[PDB]
Structure formats: structure tokens, C-alpha cells
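Positions of Cβ are backbone-derived with ideal geometry, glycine not excepted, and every protein chain shown enters the neighbour counts. Readers should treat all values here as calculations from the given coordinates under stated rules, not as data from a laboratory.
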Amino acid sequence: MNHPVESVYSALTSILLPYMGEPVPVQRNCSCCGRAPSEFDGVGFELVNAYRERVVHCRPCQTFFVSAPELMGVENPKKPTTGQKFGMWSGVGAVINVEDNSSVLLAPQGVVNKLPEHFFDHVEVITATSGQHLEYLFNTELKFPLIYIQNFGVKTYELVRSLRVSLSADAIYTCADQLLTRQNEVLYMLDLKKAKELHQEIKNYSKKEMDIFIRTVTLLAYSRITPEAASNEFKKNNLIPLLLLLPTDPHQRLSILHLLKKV
DNA sequence: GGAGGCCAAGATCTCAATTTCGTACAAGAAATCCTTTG
Ligand SMILES: [Zn+2]
């Protein structure tokens, strides 16, 4: 019940409620999310994947493998009878407001074209490419707690095991279909608050000074310029407060810079 | 007739550019020095 996949299912993937059929009583944990059957009420959906493996998917997890062409359009014309699947979308993200239980889908223009009219009635979709997810997140007033999926991808198991509720703008957890180990959440953690304050205070600096700051910090985070050189560049360009507002972590620096150069 | 395998197709996009070690030293003894000188 109170797990990350359940919220995204209720808010976003409940649109294909008609297109699964009834569950089946199961006696083994859902291989996709991995949690225990005790929170499935003893029911589950059996399935066999493209690799011929018997896998049990619970109610909110099985929705990532449902074929609903009459709702989700056709994903590949070579196979008309299998429409877009939530677990197979690559480049498509979403933002799910758990407390409101609503969802907004960030799909590129191609996917939006492939989606039928009936899809938009249940889920509001805004055309945005993979790089434009950050633009929507920055510009639009997010409502927390929320689940921000960045790349539905094709590795549905890793996607569901990477879902994490973003309790506030200080730490928005991106779910990019890559298994969110404790080693790599720095690459999937976005601090919209720090990026927002840095963007607010960057207005005081020239465009040339901006380019200089971004390039210097990027090179430093990639160890392509010595720290003394970067310090000289910051001091000569009066970029000290900007560095003071940057995280010490170089990967977070790169992430927030990537966000900055998108907005 | 079902059940393995081989292939094609699926959304657009991520940023960064590198150049050559260290310089000069030398103690009290069996030794062979020796063999003297002759
Ligand atoms: Zn599950």
C-alpha cells in the first residue's frame, strides 16, 4: 500500500484499469518491486517476459507491462497490436503528486503524436523532451511530496526499485530507470531549492561572467583545470558568492549546472 | 501448434579537450707491497 509504486500507479497508471483483468492469488514476492506479498493482500498478476521468466507483478507494478493500444496508441507500427507500455517508454518522464494523487506526463513530441486523444482526458500531458524535464520542474510550482520519474526507460524492475518520494524541493529524487543504489543517488538527486536560489542570484552577473563561471566549474568538477586556476578565474570575475552557493560535491555541481543551462 | 531463437523497432540528447628524474662522492690496513738495497 504505502510504497512508491502504489502512488504512481494510482495517480498515473490507473488510466489503464480496464486493460489488465482480474489478479491471481500468489504466494511469492513481486519480482518487479520486490516487496513482500503481505502488502498485496495475497493477489498478484502472473506474467512471462520476453526472456521466458515467470514473474509476479502486483497491481501497481503490472501496469508497466499492459498493452492498451486503444488508450496508449501504437508504439511501433511493425507490431500494431501492442501499444505503448508504461514500462517501455524511453525519454518519457512524469511528476506525480501523491497527496493530490494526480500526475503530469512529460513526453516528447513524438510520443504525444503517438498518443490518442482519449489518453489526454485522463492524464494531462505537456510536450517536453528529455532535456526539457528540468525546465518544467524549475519553472512550474511543484507540489510535494511527489514522485518524479525522469526516464521510464525499459528496465521496469530498476525503475520501480528506484522510485523515491520527493518530500520537498531541497531533494527531488529522479527515477531514471537505473537502479537507485545508495552509491548513485547523487546522480539522481536534484536540489531544486539550491538551483532556484543560484538562478535567482545569477541575474546579477553578466552573460560572459555566467559562461565563464559555468565553464570553470565544469572543468573543475571534471579535473580539467587546477583548483588554483579556477580560484583565479572566480576571483578575477568576482564569482565568489556563486561558488559559496555551490555544493562541495562535484557531481551535484554538474547536475545543477546542467539544470541551469537548460533554464 | 506450441516453444525457443534472431532480428527490428522503439523519444530525442548528452559536453570536457591535456607539454619531457639524479651531477661527482671517497680512510686506516695484511698488505703482497716488496723490494728495494744488493
Ligand atoms: Zn510490484
Task: Residues with amide H under 5 Å from that of A:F86, placed H, sequence gap 5 or more - done: A:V66
Task: DSSP bridge pairs, chain A: antiparallel proportion in percent, nearest 5 - done: 75 percent
TODO: Could you name the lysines whose alpha carbon sits less than 17 Å from that of A:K194, not counting residues in the same chain fewer than 8 places away?
DONE: A:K143, A:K203, A:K261, A:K262
Task: Label point distance in nm, A:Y51-A:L179, each placed 7 Å from Cα along Cα→Cβ - done: 1.1 nm
Task: Rounded to 5, percent antiparallel among DSSP beta bridges of segment A:104-250 - done: 40 percent
Open item on the list: Under 30 Å between alpha carbons, and skipping anything fewer than 8 positions from A:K78 in its own chain: which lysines qualify?
Closed with: A:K114, A:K155
Open item on the list: Nearest 10 degrees is fine. How inclined is helix A:250-260 to the longest principal axis of chain A, computing both from alpha carbons?
Closed with: 80 degrees
- [ ] Taking only Cα atoms and a 10 Å spring cutoff, compute GNM fluctuations for chain A and point out the largest among A:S103, A:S231, A:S166.
- [x] A:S231
Open item on the list: Tell me which trypsin sites (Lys or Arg not before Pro) from segment A:42-116 have a DSSP coil assignment and no more than 10 other beta carbons within 10 Å of their own.
Closed with: A:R52, A:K78
TODO: Express as a percent, rounded to the nearest 5, the fraction of DSSP beta bridges in segment A:57-149 (both residues included) that run antiparallel.
DONE: 70 percent
Task: Structure-based [θ]222 nm, chain A - -39500 (n - 2.57) summed over DSSP H runs of at least 4, per residue, nearest 500 - done: -10000 deg cm²/dmol
Open item on the list: Students often forget the sequence filter, so: which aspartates and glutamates lie under 12 Å Cα-Cα from A:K193 once same-chain residues fewer than 8 apart are removed?
Closed with: A:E141, A:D170
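What does the charge count near A:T13 come to, summing +1 for each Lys or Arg and -1 for each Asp or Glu among other residues with Cβ under 11 Å from its Cβ?
Details: positive: A:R59, A:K85; negative: A:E6.
Cβ neighbours under 11 Å give a net charge of +1.
Using 0.36 nm times the number of residues separating A:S10 and A:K78, minus their current alpha carbon distance, what extension gain do you get? Don't skip to the end; give the middle numbers.
Values: separation 68, 0.36 × 68 = 24.48 nm, distance 3.10 nm.
Length difference between fully extended and current span is 21.4 nm.
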Task: Placed amide H near A:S166: partners under 5 Å, 5+ positions off or other chain - done: A:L146, A:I147, A:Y148, A:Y173
Task: Furthest towards positive pole of dipole, A:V8, A:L71, A:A195, structure part chain A, Cβ charges - done: A:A195
TODO: Could I have the simple spin-label model distance between A:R215 and A:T140, label points 7 Å from Cα toward Cβ, reported in nm to one decimal?
DONE: 3.5 nm
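Under unit Cβ charges (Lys, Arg +1; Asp, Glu -1), what dipole magnitude, rounded to 20 debye, does segment A:1-79 have relative to its Cα centre? Can you show the working numbers first?
Values: 7 positive and 8 negative charges, 60 e Å.
The calculated dipole for segment A:1-79 is roughly 280 debye.
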Task: Top of A:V186, A:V95, A:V160 by mean-square fluctuation, Gaussian network on chain A, Cα under 10 Å - done: A:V186
Open item on the list: Run the simple label-point estimate for A:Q109 and A:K236 please: 7 Å along Cα→C-beta, distance reported in nm.
Closed with: 4.2 nm
Task: Cα-centred dipole magnitude for chain A, charges only on beta-carbon of K, R (+1) and D, E (-1), debye, nearest 20 - done: 900 debye
TODO: Give me D for chain A in µm² s⁻¹, whole number, from Stokes-Einstein with Rh from the Kirkwood sum over alpha-carbon pairs, 37 °C and 0.692 mPa s.
DONE: 164 µm²/s
